[PDB]
Amino acid sequence: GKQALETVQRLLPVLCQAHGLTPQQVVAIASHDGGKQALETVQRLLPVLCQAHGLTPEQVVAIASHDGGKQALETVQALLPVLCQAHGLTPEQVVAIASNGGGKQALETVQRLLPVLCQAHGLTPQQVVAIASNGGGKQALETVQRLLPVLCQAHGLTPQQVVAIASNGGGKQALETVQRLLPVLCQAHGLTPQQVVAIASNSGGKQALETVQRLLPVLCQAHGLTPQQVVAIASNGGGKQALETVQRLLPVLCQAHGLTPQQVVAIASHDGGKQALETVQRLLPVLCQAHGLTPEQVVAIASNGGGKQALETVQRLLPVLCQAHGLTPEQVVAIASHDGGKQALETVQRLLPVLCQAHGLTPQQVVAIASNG
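Going left to right, the sequence shown walks through residues 303 to 675 as the deposited numbering numbers them.
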């Protein structure tokens, strides 16, 4: 406490000078139970681990920066060489296992269960690394060991599926939630195991599956959409929120913008679907009123990866493109309406005035070229 502060005064200067730490990195380390010893340990181990296994000081800091920093660093030192050699791990992988807290125990557990899990269930070191590399990897590994056989017999899940469920924030929780909710989602709600797996396989599988559980009957009966569609929405990162915003925005968009739920689904069914859907609400009126677009075209634009950014740049570029190069909004829409329409519109802006001046190409020709994958 008082000694943790004195030690920071003592070591801050030399750790920043001699190893390139920042005061912030130093504070991150001191700001845990037993910050004094944590700091002293970084000081004496950092050069060693850098020289013996090529750990950057950034990697060392990331290990020290959680409760039990001293114990986790010591354990990396004792175990990195053997883990790397015995199971083919990179130092990088060993650093990921250690840098979430309960580092010491996470590494030791990986040491214990790795050959086991790999032989019993046909797992890969890389898979057991992934399962261990988030907050709760020790618990997560035991739960995989425990539930792996349960889920693969009861519900026909594969190890790859189990691994995918256990490898994000909260592996233990996600696995147990799949175990509890799988039968229910399928038999009461008309899902398949594969779909339950897809929803679960993301940062926040637990809440995602829970949100799906509650919004499924509402969204299906009220807006006529199917489970396949609900799963498609929920099966991307940020799925829960995506579904949640579909529920509040579907009605508004359908009634006020004459969108159909089929389209709303398409918008939401990609990464950034939540922000894409949101952006559609914000920009659709301006696009229709000032830039010559129909809601239908607005949908087509939003209905790809990064629809939000694509709409935003259609709004940005359409005026220039029409005024200065004689494009129609139709033409703009045709360019923006493909995977990477955004950058495709950006390069159309760049090249148009140079191609239609040296090769008398017509704007129509450029458009024809740019309107593809």
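Note that beta-carbon positions come from the ideal geometry of N, C-alpha and C, so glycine has one too.
Separation of residue j from residue i, as counted between CA atoms
i, j, result
"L561", "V601", "8 Å"
"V554", "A408", "48 Å"
"residue 678", "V430", "What the structure shows of the chain is the stretch from 303 to 675, and residue 678 is not part of that stretch, so it cannot be assessed."
"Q475", "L663", "60 Å"
"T528", "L357", "50 Å"
"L657", "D641", "23 Å"
"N402", "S367", "8 Å"
"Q447", "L382", "23 Å"
"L419", "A500", "23 Å"
"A364", "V328", "11 Å"
"residue 290", "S571", "Absent from the model: residue 290. The displayed extent of the chain is 303 to 675, so no value can be given."
"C352", "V378", "12 Å"
"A388", "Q413", "9 Å"
"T479", "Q543", "18 Å"
"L511", "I535", "12 Å"
"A306", "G336", "7 Å"
"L348", "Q311", "19 Å"
"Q651", "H627", "9 Å"
"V384", "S639", "52 Å"
"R482", "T426", "26 Å"
"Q395", "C386", "9 Å"
"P359", "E614", "40 Å"
"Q496", "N538", "14 Å"
"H457", "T494", "10 Å"
"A524", "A380", "59 Å"
"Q591", "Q583", "14 Å"
"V533", "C556", "20 Å"
"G608", "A568", "12 Å"
Contacting residues, own chain, Cβ-Cβ under 6 Å from residue i (five flanking each side not counted)
i, result
"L623", "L629, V634"
"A646", "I637, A672"
"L341", "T309, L313, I331, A332"
"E444", "none"
"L459", "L453"
"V669", "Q633"
"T513", "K542, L545"
Contacting residues, own chain, Cβ-Cβ under 7 Å from residue i (five flanking each side not counted)
i, result
"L586", "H559, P597, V600"
"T547", "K576, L579, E580"
"residue 280", "In this structure the chain extends from 303 to 675, so residue 280 is not present and cannot be described."
"residue 689", "The structure shown does not extend to residue 689, since the chain spans only 303 to 675, so no value can be given for it."
"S503", "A466, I467"
"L450", "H423, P461, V464"
"residue 294", "Any property of residue 294 remains undetermined from this structure, which presents the chain solely from 303 to 675."
"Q564", "none"
"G303", "none"
"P325", "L314, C318"
"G390", "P427"
"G540", "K576"
Enclosing alpha helix (DSSP H) for residue i [first to last residue]
i, result
"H355", "337-355"
"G439", "439-456"
"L551", "541-559"
"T649", "643-660"
"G675", "Counting along the chain, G675 falls outside any alpha helix (DSSP H), and DSSP gives it neither H nor E."
"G506", "Taken as a continuous stretch (DSSP letters only), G506 belongs to no alpha helix (DSSP H), as it is neither H nor E."
"residue 700", "Lying outside 303 to 675, the shown extent of the chain, residue 700 is not represented and no answer is given."
"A536", "529-536"
"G575", "575-592"
"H627", "609-627"
"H389", "371-389"
"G473", "473-489"
"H368", "No alpha helix (DSSP H) contains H368, which DSSP labels as neither H nor E."
"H321", "304-321"
Distance between beta carbons of residue j and residue i, contact taken as under 8 Å
i, j, result
"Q345", "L317", "6 Å"
"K372", "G404", "Not really, about 13 Å apart at Cβ, beyond 8 Å."
"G526", "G471", "Contact flag wrong, Cβ pair sits at about 33 Å."
"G370", "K406", "6 Å"
"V566", "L552", "5 Å"
"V498", "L521", "Not confirmed; about 17 Å, so no contact."
"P665", "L653", "Wrong, their Cβ atoms sit about 11 Å apart, outside the cutoff."
Same chain, Cβ closer than 8 Å to residue i, five either side skipped, listed in chain order
i, result
"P631", "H593, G594, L595, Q599, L620, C624"
"residue 278", "Residue coverage of the chain in this structure runs from 303 to 675, which leaves residue 278 outside it and unanswerable."
"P519", "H491"
"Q549", "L517, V520, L521"
"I433", "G439, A442, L443, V446, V465, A468, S469, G473"
"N436", "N402, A442, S469, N470, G471, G472, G473"
TODO: Kindly confirm or deny that the region 465-475 and the region 489-497 touch, where touching means at least three C-beta pairs closer than 8 Å.
DONE: Under the three-pair Cβ rule at 8 Å, the region 465-475 does not count as touching the region 489-497.
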